[PDB]
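This is target38.cif. It holds mmCIF, N, CA and C atoms.
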data_final
loop_
_atom_site.label_atom_id
_atom_site.label_comp_id
_atom_site.auth_asym_id
_atom_site.auth_seq_id
_atom_site.Cartn_x
_atom_site.Cartn_y
_atom_site.Cartn_z
N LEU A 1 18.72 -49.03 -85.27
CA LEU A 1 19.01 -48.84 -86.68
C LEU A 1 19.77 -50.03 -87.25
N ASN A 2 20.79 -50.50 -86.52
CA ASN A 2 21.50 -51.70 -86.94
C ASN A 2 20.63 -52.94 -86.75
N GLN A 3 19.87 -52.99 -85.65
CA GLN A 3 18.93 -54.08 -85.45
C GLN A 3 17.89 -54.11 -86.56
N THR A 4 17.32 -52.95 -86.88
CA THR A 4 16.36 -52.87 -87.98
C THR A 4 17.01 -53.22 -89.31
N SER A 5 18.28 -52.87 -89.50
CA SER A 5 18.96 -53.17 -90.76
C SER A 5 19.16 -54.66 -90.93
N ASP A 6 19.66 -55.34 -89.89
CA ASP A 6 19.84 -56.78 -89.99
C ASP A 6 18.49 -57.50 -90.07
N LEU A 7 17.45 -56.95 -89.43
CA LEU A 7 16.13 -57.55 -89.56
C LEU A 7 15.59 -57.40 -90.98
N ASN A 8 15.80 -56.24 -91.60
CA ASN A 8 15.40 -56.06 -92.99
C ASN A 8 16.18 -56.99 -93.92
N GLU A 9 17.48 -57.16 -93.65
CA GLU A 9 18.28 -58.08 -94.46
C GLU A 9 17.77 -59.51 -94.33
N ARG A 10 17.50 -59.95 -93.10
CA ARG A 10 16.98 -61.29 -92.89
C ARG A 10 15.61 -61.46 -93.54
N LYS A 11 14.77 -60.42 -93.48
CA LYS A 11 13.44 -60.51 -94.06
C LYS A 11 13.49 -60.58 -95.58
N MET A 12 14.35 -59.77 -96.21
CA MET A 12 14.45 -59.82 -97.66
C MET A 12 15.10 -61.12 -98.12
N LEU A 13 16.06 -61.64 -97.35
CA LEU A 13 16.64 -62.94 -97.69
C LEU A 13 15.60 -64.05 -97.55
N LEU A 14 14.76 -63.98 -96.51
CA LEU A 14 13.72 -64.98 -96.34
C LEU A 14 12.69 -64.90 -97.45
N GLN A 15 12.33 -63.69 -97.88
CA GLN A 15 11.39 -63.54 -98.99
C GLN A 15 11.99 -64.08 -100.29
N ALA A 16 13.26 -63.78 -100.54
CA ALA A 16 13.91 -64.29 -101.75
C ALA A 16 13.98 -65.81 -101.74
N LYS A 17 14.38 -66.40 -100.62
CA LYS A 17 14.46 -67.86 -100.55
C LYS A 17 13.08 -68.50 -100.54
N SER A 18 12.05 -67.77 -100.08
CA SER A 18 10.69 -68.30 -100.15
C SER A 18 10.20 -68.33 -101.58
N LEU A 19 10.44 -67.26 -102.34
CA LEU A 19 10.12 -67.27 -103.76
C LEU A 19 10.91 -68.35 -104.49
N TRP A 20 12.17 -68.55 -104.09
CA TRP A 20 12.99 -69.59 -104.70
C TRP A 20 12.43 -70.98 -104.42
N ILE A 21 12.02 -71.24 -103.18
CA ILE A 21 11.45 -72.54 -102.84
C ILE A 21 10.10 -72.72 -103.54
N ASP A 22 9.33 -71.64 -103.68
CA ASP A 22 8.07 -71.72 -104.40
C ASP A 22 8.29 -72.12 -105.85
N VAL A 23 9.19 -71.42 -106.55
CA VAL A 23 9.44 -71.76 -107.94
C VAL A 23 10.13 -73.11 -108.05
N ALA A 24 10.86 -73.54 -107.01
CA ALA A 24 11.51 -74.84 -107.04
C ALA A 24 10.50 -75.97 -106.94
N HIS A 25 9.53 -75.86 -106.03
CA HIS A 25 8.50 -76.89 -105.96
C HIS A 25 7.57 -76.82 -107.17
N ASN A 26 7.38 -75.62 -107.74
CA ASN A 26 6.64 -75.52 -108.99
C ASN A 26 7.37 -76.25 -110.12
N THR A 27 8.69 -76.10 -110.19
CA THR A 27 9.47 -76.81 -111.19
C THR A 27 9.48 -78.31 -110.93
N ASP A 28 9.47 -78.73 -109.66
CA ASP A 28 9.38 -80.15 -109.36
C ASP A 28 8.03 -80.71 -109.80
N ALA A 29 6.95 -79.97 -109.56
CA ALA A 29 5.63 -80.40 -110.01
C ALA A 29 5.56 -80.47 -111.53
N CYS A 30 6.14 -79.47 -112.21
CA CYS A 30 6.12 -79.48 -113.67
C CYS A 30 7.01 -80.58 -114.23
N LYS A 31 8.08 -80.95 -113.51
CA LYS A 31 8.92 -82.06 -113.95
C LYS A 31 8.22 -83.40 -113.76
N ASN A 32 7.48 -83.55 -112.66
CA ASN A 32 6.65 -84.74 -112.49
C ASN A 32 5.58 -84.81 -113.57
N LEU A 33 4.99 -83.67 -113.91
CA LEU A 33 3.99 -83.65 -114.98
C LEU A 33 4.62 -83.93 -116.33
N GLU A 34 5.88 -83.54 -116.53
CA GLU A 34 6.58 -83.87 -117.77
C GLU A 34 6.95 -85.35 -117.83
N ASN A 35 7.25 -85.96 -116.68
CA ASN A 35 7.45 -87.40 -116.65
C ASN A 35 6.15 -88.13 -116.97
N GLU A 36 5.03 -87.64 -116.44
CA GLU A 36 3.73 -88.18 -116.83
C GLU A 36 3.47 -87.98 -118.31
N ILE A 37 3.89 -86.83 -118.85
CA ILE A 37 3.77 -86.57 -120.28
C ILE A 37 4.57 -87.59 -121.07
N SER A 38 5.78 -87.90 -120.61
CA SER A 38 6.61 -88.90 -121.29
C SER A 38 5.97 -90.28 -121.22
N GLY A 39 5.36 -90.62 -120.08
CA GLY A 39 4.67 -91.90 -119.97
C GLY A 39 3.49 -92.00 -120.92
N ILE A 40 2.64 -90.97 -120.93
CA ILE A 40 1.51 -90.95 -121.85
C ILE A 40 1.97 -90.88 -123.30
N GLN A 41 3.15 -90.30 -123.55
CA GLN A 41 3.67 -90.25 -124.91
C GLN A 41 4.18 -91.62 -125.35
N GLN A 42 4.78 -92.38 -124.43
CA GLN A 42 5.12 -93.76 -124.73
C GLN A 42 3.87 -94.59 -124.97
N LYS A 43 2.80 -94.33 -124.20
CA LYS A 43 1.53 -95.00 -124.46
C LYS A 43 0.98 -94.63 -125.83
N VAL A 44 1.10 -93.35 -126.21
CA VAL A 44 0.65 -92.91 -127.52
C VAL A 44 1.47 -93.56 -128.62
N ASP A 45 2.77 -93.74 -128.38
CA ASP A 45 3.63 -94.39 -129.37
C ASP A 45 3.28 -95.87 -129.51
N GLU A 46 2.95 -96.53 -128.41
CA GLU A 46 2.54 -97.93 -128.50
C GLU A 46 1.18 -98.05 -129.20
N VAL A 47 0.28 -97.09 -128.96
CA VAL A 47 -0.99 -97.07 -129.66
C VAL A 47 -0.77 -96.83 -131.15
#
What does the file become when written as structure tokens?
Amino acid sequence: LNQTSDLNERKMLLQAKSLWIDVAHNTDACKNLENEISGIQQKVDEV
């Protein structure tokens, strides 16, 4: 029961941190895409 409890705690913590890492790399990809947006926007401004 205690073994199962700590295993459930570790599993839910791993799931939470996995969702966090997923949204973190998604935010990193969207930030790279926003930097590309800024580059293309500077190109649009020069045009």
Atom pair atom C of residue 28 in chain A / CA of residue 11 in chain A: separation (Å): 26.2 Å
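Coordinates place CA of residue 29 in chain A at a distance of 28.1 Å from CA of residue 10 in chain A.
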Atom-to-atom span, atom C of residue 35 in chain A and CA of residue 17 in chain A, Å: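 According to the coordinates, atom C of residue 35 in chain A and CA of residue 17 in chain A are separated by 27.4 Å.
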